[PDB]
Structure formats: structure tokens, C-alpha cells
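Chemist: Quick one: the structure is below, questions incoming.
Every read-out reported here was derived from the displayed coordinates using simple, explicitly stated rules and does not represent laboratory data. Because the Cβ atoms are built from the backbone with ideal geometry, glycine has one as well, and the counts that use them run over all protein chains shown.
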Amino acid sequence: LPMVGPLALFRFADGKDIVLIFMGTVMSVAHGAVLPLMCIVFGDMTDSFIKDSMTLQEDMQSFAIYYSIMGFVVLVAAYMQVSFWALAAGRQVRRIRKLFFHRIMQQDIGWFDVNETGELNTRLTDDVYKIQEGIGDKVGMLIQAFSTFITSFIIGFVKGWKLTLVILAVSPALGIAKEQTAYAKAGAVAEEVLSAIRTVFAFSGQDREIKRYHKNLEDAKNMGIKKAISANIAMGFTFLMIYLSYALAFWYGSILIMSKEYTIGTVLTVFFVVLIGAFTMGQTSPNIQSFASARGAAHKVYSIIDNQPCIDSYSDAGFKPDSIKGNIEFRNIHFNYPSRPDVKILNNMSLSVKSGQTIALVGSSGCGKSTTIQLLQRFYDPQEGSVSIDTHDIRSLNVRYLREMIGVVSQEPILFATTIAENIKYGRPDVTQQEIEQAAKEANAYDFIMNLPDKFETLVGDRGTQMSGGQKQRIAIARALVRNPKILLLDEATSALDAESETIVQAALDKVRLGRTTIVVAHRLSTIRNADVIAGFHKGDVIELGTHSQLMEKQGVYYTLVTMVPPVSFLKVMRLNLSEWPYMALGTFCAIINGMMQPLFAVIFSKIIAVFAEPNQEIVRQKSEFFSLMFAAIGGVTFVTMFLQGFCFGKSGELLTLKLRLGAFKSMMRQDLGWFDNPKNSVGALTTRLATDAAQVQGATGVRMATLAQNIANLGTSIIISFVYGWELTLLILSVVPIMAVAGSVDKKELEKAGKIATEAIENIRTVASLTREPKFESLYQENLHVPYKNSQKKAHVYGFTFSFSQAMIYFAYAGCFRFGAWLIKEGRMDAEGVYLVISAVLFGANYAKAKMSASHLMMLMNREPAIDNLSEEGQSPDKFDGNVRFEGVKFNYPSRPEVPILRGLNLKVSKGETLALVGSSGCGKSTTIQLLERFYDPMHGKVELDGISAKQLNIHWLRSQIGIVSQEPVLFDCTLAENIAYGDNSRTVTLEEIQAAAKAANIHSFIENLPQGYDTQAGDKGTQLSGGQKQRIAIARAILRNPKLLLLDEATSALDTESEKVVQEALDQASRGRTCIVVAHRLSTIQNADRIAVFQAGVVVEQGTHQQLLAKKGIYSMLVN
């Protein structure tokens, strides 16, 4: 909303840019003055023809020369205007991009914590591009339009005072978004369905969601047709006003001719310039809006470009002592996160360490261990306390020297999207390959330097070969090693590694730890096998120091706890709109009517100018009144037919949009969940696709047919009129015709690559700051943006050339055709009326690709029909579920990632009412077996059988019905509590009494009352943000309503607060009575009262048995009890 002054927008103006902008403005002024001057000479030639009707050759030669000079000057002025403004825009944008990225790099880390990486990325891309296009091209066109308006008004004042007063007195007559609301409700229910599609599919709720979307779509269709009728009525009234302006202006011209004060040329001139001024104002409004938006974005980016961090990374101050012993001391550190200063994490920390003194930090998770690591890197400046390096304050030390002095290994190793070469060279700007060999050997990655297929040029990153955790950690260690660090900062360096990876990584850490002080953080004894001093960072505080022996003598509780796209055809697109036969025909009829009427408007124009030469007052008065009435009548018929066309096409398009949206939603519900795994199938992307592509398809069919009919009618009618009016009219009209295509015609991947490099830098801002390699990324950004500047400059030059050629060809065709028709009349092929008619008529009268690709997307979306069918009704419906489950030899790979086989020969049995809990490792894919049970995916190997019946042969709806599911993240819909709870059963009507009786089993009966007296709270989740345990409880109640035979639990204990644990467990126990129940969880609480246990690893059942049984067998579960 805040916006910056227009003068400040160009504040990055050097001398060359100032000269360029001056030239652009002074050429736009010339163009704007030129066009009304063409109007003046139009009036003069009209007067000359009027005189000839009652000597023409010399006047015509002079007029043709005037027109040719006018074309030359408009060509030069337009080219220099557009090219110079675009070049100034390019220079300004290059400067803005460079300074913006430089300041972003210079910005503080806390500033990066407050803001978001995605917000900064969309800033750097969209705001910069908006500034570019807006400032350059739109201020150019704005200045030109303003100049045209000014010149028109000054000529109006010069020629006729009284006429200008007449226009001013008529101007009071000229003086005299809920579709977004409808589609907002529609998109609200669409997002509620798609985002929470797990629950919708889990309850066979596609039917009622289809019904609700249908109702919202009917409301949206009504609101859209109303808005279309309003907009097209407004446009028709506008055109009508122009036509009565024609009529009244010509009536007034007739009365002046009766008074013999203003000649016909003068009145035509003033009328034309007034109308062109009004048209230019209408055209300059949208670019004014665009400039306003551009200046808003300019303020939003200038808030950053005008800033300085409290800890300047490029500060020239601070000391640079060459001699560093390696002391690191913290005294009385009090600090809280600038992101959330309310919560204190560090209060009076005190810990010292000498040179070469290995020290480790041990404590609870998120107790502030990483805060000291960030602090010593100057990530934040503590409010109090002293943090000294060899009796030298870090504040009094240059930050570049400090960060180059310390080598930091991150908990998550990450590699920049480029080759291995500089990814390891980033230690120092200067390197010799021998140092690279030494570091590679030192990092234990030398085994892989040739095991990788290529040489030291392998493209490593997301786009390149996907590395492994061990390899990434090793290369990160090498990258740190290249700097020859003196103090190593290892924050949770042991993570996301296999056992052998852990051993080799720790060996590398012990090799590098020699002769180098280190403040190491880890949760495993591997780093404490040799740690000299241990620091108990507990409850956000230090407890004591000492070696492992002293800590053992003093309540070693920590160890005790850790002891162990086909483009469819146009006919195919129209086939979707076949049902609108009369609407299509009527729209085409009105389009043909407009195409008929426009040339007839031109013809009556020519006729009235022809009769204006008669030297008889009665005849001219009668003819002027008759033709003014004819002009009013044709304006009225245009209004009627255009409003009728607008209504017809709007309703046809809205019906097509409704049909397409409902078909897309039906396909969406019908298709399986696996398709949604692809990142291209995000909920927001699909919703915006629905909206934009439906609108584009309706526009495609309707507007395409309308404008094709209208344009073909215009061209045909003009060709026939020209042909009957004599030869040569078709000839020069076809010579003119090609300019219209160019007039209507009116590198970004390199910008995308630059934005990718950016997103890498900002997303890794802590890492790239830890290496003081911001200048290297700045240089890479410069090199990447080098080419886009050049392509933009060349494209701008081409744009200017083609624009000027369009204008120059318009003027040149005007003059040449007029002169050559003058030779025709001199010989006598046709009278002056014919050339006047052709000139006026033709030379002032007269998104689909995106829409087509939208139609192709929607068409392909309606024919996928995956292997797993959810809305399918074919199959079998067993009379009663027997409560038995069997998995035999099921092998599986995730459809979104077929490179990681999850399930390998899994086998399991489940009997009636048999409690079989499922436990195992985290993230191995235990939820995949539940998704298999719900038939969310197709098992390509093995079989899943229920009560002696396989999943393939039974109806999917029956399977989804007789089942239960409790998602780990409960979701509630935007409606009353009664509807949300009744969502459990849809195949039968729900009554309030049974709903209450069954919801009493969840023990939420009392809690529903603590809200508006209607216990079926309409808000649900509108303003009363209910607690997470309460949402979990109501989700369980929803999953319990149908008393399903077999129960599936998806991490009920996960993400559950301890307060609601007792009530949730009680409700689940009451639910798990007398019926088979399958639970996956990481908590032993439900496992205590469990008949059978199944323990999983990497996608196989490794052992089976009961709690006490498996404890007796001393199995893998026994080692996993911890």
C-alpha cells in the first residue's frame, strides 16, 4: 500500500540516463504534437475537397508533401522515443538489480530471519521486472498521451472559443467485484476439498462436495452473467455517447454553416481533435494505474535498498591482528532472538576455552547450543556480555577477518548448484590444485574423486547427480579445510548419515581437530571419546566444566539417559460448447451486424461531408438533419445489437465455464491420490489452473468466434464497397491491409537462471555468509545477468523499429493512396467522393494461444482415468466384513520417486478383533502400508486380501466405507460442527440424536457447549481457534461414527499435547473395543494394552509377537525399547 514519489523513482540517474530520458521526453512531446497536426491537415484537405465540389492539384501536392514530412518525423520521433526510453530502463534496471543484490548480501542475518526467502525471491524478480516495464515504456507512452491531449486542447482554444465552451458544457453529461466473492466461496470449498483431499477420499465425500461446488458454481454463474451484462451495457452506452457526440457536433456545424462562421474544415478539425483527446485520456488511464503499481513496488524494494545493518559485513573498521593464539571466551552473555525476544534462550552464559583446547557442548534439544555457534560467527550481536578472541572484542574485529578466521561445518551439509571444482575451491579465492589434492586426501573423499564418472567437473547439485549424505558431508569438510581454519565450529555434525558414514566423518573430524581449537556439538559419544572439556548447556544455561571422568563423578545423567501437452483442434474446443446452438448463432449474427454497420457508418460519414458543399441552405439543412438522425439511429442500433451480443456471449461463456469447472472437479475427485504426489499437482496450482484456464477457454471460444465474424464481415463489406465504387480501391486497400497485423502485434529464462542462483544464495544465506563468499556470488550474478541485458537491449531496439515502421507505413500509405487517387480523379476514373470515402472509411475505421493451451490442459485433465478408480461403482460389496487382513509378498516403490524401493516382500496377517500394533523406524514408510489398506495406491507386486477377498475384485466405495482413519493432522471444514461430525457417514441421512449419542463416545459432548448456544457451532474453525487435542478428538469422533469394523490410526500419538493424551487414549480404547484396529505411532502408550506387535525396518516385518513375548525373545524390538 505505501508508495514512493515519482521523482524518487528515477533516483539512480547518471548523466547518460538523464540525457536519454530528456531525449525520450522531448520526442514523445513531438509525437503527441504531430498527431493533432495531422488532424488539422485532415480538416484542410476536407475544406479543399469541399471547395473543389463547388485548383485542387497544387493543393493536393502540398498536402501530400505535408503528409510525407509528417510520416518521416513520426518515424524518427517514435523510434528515438521508444529506443531511448527502453535503454534508460535497461540501465536503471541493471543498476537496481546490482545494488539490490549487493544490499541483500550486506543485510544482517537477523534481518534474514525476520523476512522470508520466498518473499525476497518474488521481490527480486517481480518487483524489479514491474519497475522495468512500468517506468520505461509506460512513462514514455504517458508523456506522449499527455502531449497529445495538451496540443488538442490548445488547438481547440485557438480555433473556436465557443465550441470549446460547448464541449465543456456537455462534459457534465459525460460526468453523469462480487464475482470475486462468488468465486471466493467456490475456491474456498475447492481448497477445502483439494488441500484436505486425504479426508475427503477417506470418507467417500466426493458426492456432497460436488453438490456444494455445484451450488457455489450456480451462484458464480449468476454473478458472472450479471457483471458481464453490466460491463457490456457500460461499453454500449459509451459507444452510444460517441455517436450522439457525432450527431450533435454535426448539427452544430450545420448551424454554424448557416451562420457562415466556421467552415466545414474548421468544425471537422475541432471535433476530431476533441474526440482524439478524450480517446487519449481513456488510453492513458491504464498506464497510470500501472505506474502507480510500479511505484508501490519501488517503495517496497527501496525500503531494502536504503538500509544498513548494525553489523556491516563489508565494514572497513575493526582490527586485523595477524597474531592469534586461539582464545575464545564468553562472559555474562544475555541474548534473546530478535525474531522472538519474548522467549529468553541465553541469560548469563559464561564459558572460556584456550588455544587447541577441544571443548564440547551437551544438553537438551533446542537448549541454545547452536546460539553460541551463531553468536561467535557474528550472526547476532548480544545485548550484553563480552565475547573475546585473545583479549580482543569481536565487535572491535573486522567481520571478514573473523569469519575467514573460523571454519564452520553446518549440521546440514549443502552444495551449491555448480561443478565440484569451485564448490571445493570456495575455501579461498586463490587455489593451487596441489592444495585441492591435499584437502581431498585429508577429507577422505579421495576414494570418490575417480569413482565419480567424470573428472573434477561433475555437475553436482539438484540439477546434477544426486549426492549422498556421506559424500556431501565429506565435500563440505574439504571446503572448510581449504580455508586452513584455526577454530572449527561443528554444530551437530553427526546427522543424516549411515553407520560407516558416521565412523569416517568422525575420523575426518578427529584428523582435522589436531592443533585446532574446536567448540563441537553432538548427541553421540563419538565426539566425546577425546573431548578435553565438556559443557553442560542445560535449561539454556551452563552447569559446569571438566573432562568425562569429572562429569561421571558428578551426576552424569546425560550419559545415563543416552547409555545406549497436445494442442487440441479448434473444432474440438468448440465441441465443448455445442449445446449453446442458438447462443452461438445469435452472437455470430450480431457480430455480422456490427461488421455490416461499421462500413455503412463510414459511408454516411463520406456522404455528409459530400453534401456539406451544396450552396443551398434549405437542401443542406434538410440533408444535415437527415444524416444526423441516421447517425443517431445507427448508434442506437449498434448499442442494441452490441448489448444483445454481450448478453448472449456472456451467458454462453459462463455456462461453458460452469460445465468445464464441474467436469474438471469430477475428474479430480475420480482420479486416484497417486497423481497428487507429483509437485505439478499442488492444491494452489490446481485451483489457479481451474480459475484461469476456465476463464481462458470461455474467452477463447466466445470472443474468437465473435471477433472472427466481425473482422471478416468488416473486410468483406469494405472490399465490396470499394470494388463497386471503382477500380483501384481493392488494390490500395490490400496494400494498406498488412499494417494492421503489425499494429495489432504491438530471454526470460536467463532471468529465471539468475533467480535460481539468487534463491540458492538467499536460501543458503547462513552458509554463504560463513565463507565470506558473497562477492563471488555477486560476480556470478553479474556474469549471469550480462547476456539478459544485451538481449533486452536488442529486443527494445527491434520493438522501437517496428513501432516506428507501423506509424510511418500508416502515414505513407495515407499520403501515397491519396496522391494516386488524385491522379485518378485528374484522369477521371472516380470522383473525389470515392477517394474521400476510401480514405476516411478504411484509414480511420479499420491471448488466444494461452486460451488454447488452457483448453488443452483441461481436456487432458478430463481423460487421465488412472489405474486406481475412486468414484468407480463396479466391483463387489461383501455382505459383512469378517475383520481379517492379509499382506503377501507386497513389493512397492513410491510413484513420485520410483528410485527408492520402500516395501520389499512384506507379509502380515490380521484376525478378527485382533489388535496388531505397528512399530518400527521413523520415515521408513510405515504409513505406506496404511495407504495400501485404504487402496490409495496400486500394489504392483504382492497382494492385499480382506476376508478372503482381494482388493482388485471388490468395490472401492465399499472398502472405503467399512474402514476408519485418524489422520495425524486433523482438518475441519468451514461449516457447522454437525456437518463436520456427520461427514463420517454420507450414504445415509444423519440425525442429530444419533450424532450426539455417538459423539458422546469421544467425550467431546461437554466441550461443544462452551460456545454460542447453538451447540452445532456455525463457526467451526472461523474465529474460535480450538486447541489441537480437541481437533484430534473430534476427528476421532468423525472416524468412529460408522462404527467401522477395522480401524486404521495414522500417528494419533504424534503431534498430540500431553494434556489431551489421557482423553484421546480413553476415547481410542473405547473405540478399539471388540473390533480389529491397526495403529502406527512412535509412543508406547497405546502399545501397552496390545495383543500383537509388528516391528518394521526399511519396509519389512522383521519380527512378530507381543510386548512381553518379544521382550522375552530378546528381538530387534527388545533392542529398540531403549
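Chemist: What ranking do 314-320, 221-227 get when scored by the average of other Cβ atoms within 10 Å per residue, highest first?
Modeler: Output ranking for 314-320, 221-227: 221-227, 314-320.
Chemist: Round to the nearest 0.05 the FRET efficiency obtained for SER388 and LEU1011 when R0 = 51 Å and r is the Cβ-Cβ distance.
Modeler: Plugging the Cβ-Cβ distance into 1/(1 + (r/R0)^6) gives 0.35.
Chemist: So how much slack lies between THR55 and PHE146, counting 0.36 nm per residue of separation and subtracting their Cα-Cα distance, in nm?
Modeler: Contour length minus the Cα-Cα distance gives 28.9 nm.
Chemist: Straight-line reach from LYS211: which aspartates and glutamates have Cα under 13 Å away, leaving out those fewer than 8 places along the same chain?
Modeler: Cα-Cα hits under 13 Å: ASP219.
Chemist: Quote the FRET efficiency, to the nearest 0.05, computed for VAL798 versus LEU708 with a Förster distance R0 of 30 Å and r equal to the Cβ-Cβ distance.
Modeler: Numbers: r = 29 Å, r/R0 = 0.96.
Efficiency, rounded to the nearest 0.05: 0.55.
Chemist: Let me ask something else about it. Report the label-to-label distance for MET940 and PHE805 in nanometres (one decimal), using points 7 Å from each Cα along the Cα→Cβ vector.
Modeler: The answer from the label model is 5.4 nm.
Chemist: How would the stretch 128-243 be classified by its alpha-carbon gyration tensor: rounded, prolate or oblate, with rounded meaning a/c under 1.5 and the a/b versus b/c comparison settling the rest?
Modeler: Note, shape of the stretch 128-243 comes out oblate.
Chemist: Roughly what % antiparallel, to the nearest 5, for the DSSP beta bridges in the stretch 328-561?
Modeler: 45
Chemist: Let me ask something additional. For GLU969 and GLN953, calculate 0.36 nm times their separation in residues minus their Cα-Cα distance, and state this gained length in nm to one decimal.
Modeler: 2.6 nm
Chemist: Could you sort out which of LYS300/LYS756; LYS680/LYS852; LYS912/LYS952; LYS425/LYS680; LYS300/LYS1022 sit more than 26 Å apart by Cα distance in this structure? Could the numbers behind the result be given before it?
Modeler: On the way: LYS300/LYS756 22 Å; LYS680/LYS852 20 Å; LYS912/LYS952 22 Å; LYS425/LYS680 36 Å; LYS300/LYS1022 31 Å.
Beyond 26 Å: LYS425/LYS680; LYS300/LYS1022.
Chemist: By a straight-distance test (C-alpha under 20 Å), which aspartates and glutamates pair with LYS344 as possible cross-link partners, with residues fewer than eight away in the same chain excluded?
Modeler: Excluding near neighbours in sequence, the set is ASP113, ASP381, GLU384, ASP541.
Chemist: Can you give the Rg and Dmax of the stretch 997-1122 based on its C-alpha atoms, in angstrom?
Modeler: My reading of the Cα-based Rg and Dmax gives 17.4, 57 Å.
Chemist: While we're on this one: Give the cross-link partners of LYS354 among the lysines, using a straight C-alpha distance below 17 Å as the criterion and excluding same-chain residues fewer than 8 apart.
Modeler: By straight Cα distance, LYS354 reaches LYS325, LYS486.
Chemist: Residue-wise, which Karplus ³J(HN,Hα) couplings in Hz belong to the stretch 334-344, taking 6.51 cos²θ - 1.76 cosθ + 1.60, θ = phi - 60°, and x for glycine or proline?
Modeler: Per-residue couplings from phi come out as 10, 7, 10, 4, x, 5, 9, x, 4, 8, 8 Hz.
Chemist: Could you rank the peptides 551-560, 856-865, 22-31 by their average count of other C-beta atoms within 10 Å per residue, with the highest value first? Mind dumping the intermediate values first?
Modeler: Details: 551-560: 13.3, 856-865: 15.7, 22-31: 20.1.
Order by mean packing, descending: 22-31, 856-865, 551-560.
Chemist: What number, rounded to the nearest 500 deg cm²/dmol, is the helix-based mean residue ellipticity at 222 nm of the chain, given -39500 (n - 2.57) per DSSP H run of at least four residues and division by all its residues?
Modeler: Calculated at 222 nm, the ellipticity per residue is -19500 deg cm²/dmol.
Chemist: Sorting check: for 1020-1027, 123-130, which peptide has the highest mean count of neighbouring beta carbons within 10 Å, and how do the rest follow? Please list the in-between numbers first.
Modeler: Details: 1020-1027: 12.6, 123-130: 17.8.
The peptides rank, most packed first, as 123-130, 1020-1027.
Chemist: At a Förster distance of 60 Å, what's the computed FRET efficiency of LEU165 paired with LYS748, Cβ-Cβ distance as r, to 0.05?
Modeler: Computed FRET efficiency for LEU165 and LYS748 comes out at 0.70.
Chemist: A further question follows. Label-point separation (nm) for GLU191 and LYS880, each offset 7 Å from Cα along Cα-to-Cβ?
Modeler: Label at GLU191, label at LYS880, 4.7 nm between them.
Chemist: If contacts are Cα pairs under 8 angstrom and at least 6 residues apart, what is the relative contact order of the stretch 328-561 in percent? Kindly include the intermediate steps, with their values, before the conclusion.
Modeler: Values: 384 pairs, mean separation 67.5, N = 234.
Normalised by residue count, the contact order of the stretch 328-561 is 29 percent.
Chemist: Then there's this: Classify the stretch 315-384 as rounded, prolate or oblate, taking a ≥ b ≥ c as the square roots of the eigenvalues of its Cα gyration tensor: rounded when a/c is under 1.5, otherwise prolate if a/b is larger than b/c and oblate if not.
Modeler: Working: a/c = 2.34, a/b = 1.32, b/c = 1.77.
Oblate, because a/c is 1.5 or more while a/b does not exceed b/c.
Chemist: Suppose the chain between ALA177 and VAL343 were pulled fully straight at 0.36 nm per residue; how much longer would it get relative to their current alpha carbon spacing?
Modeler: Extending this stretch completely gives an extra 55.4 nm.
Chemist: Looking at the chain, what % of its DSSP beta bridges pair antiparallel, to the nearest 5? Write out the running numbers ahead of the final one.
Modeler: Working: 32 of 65 bridges.
Taking every DSSP beta bridge within the chain, about 50 percent pair in antiparallel fashion.
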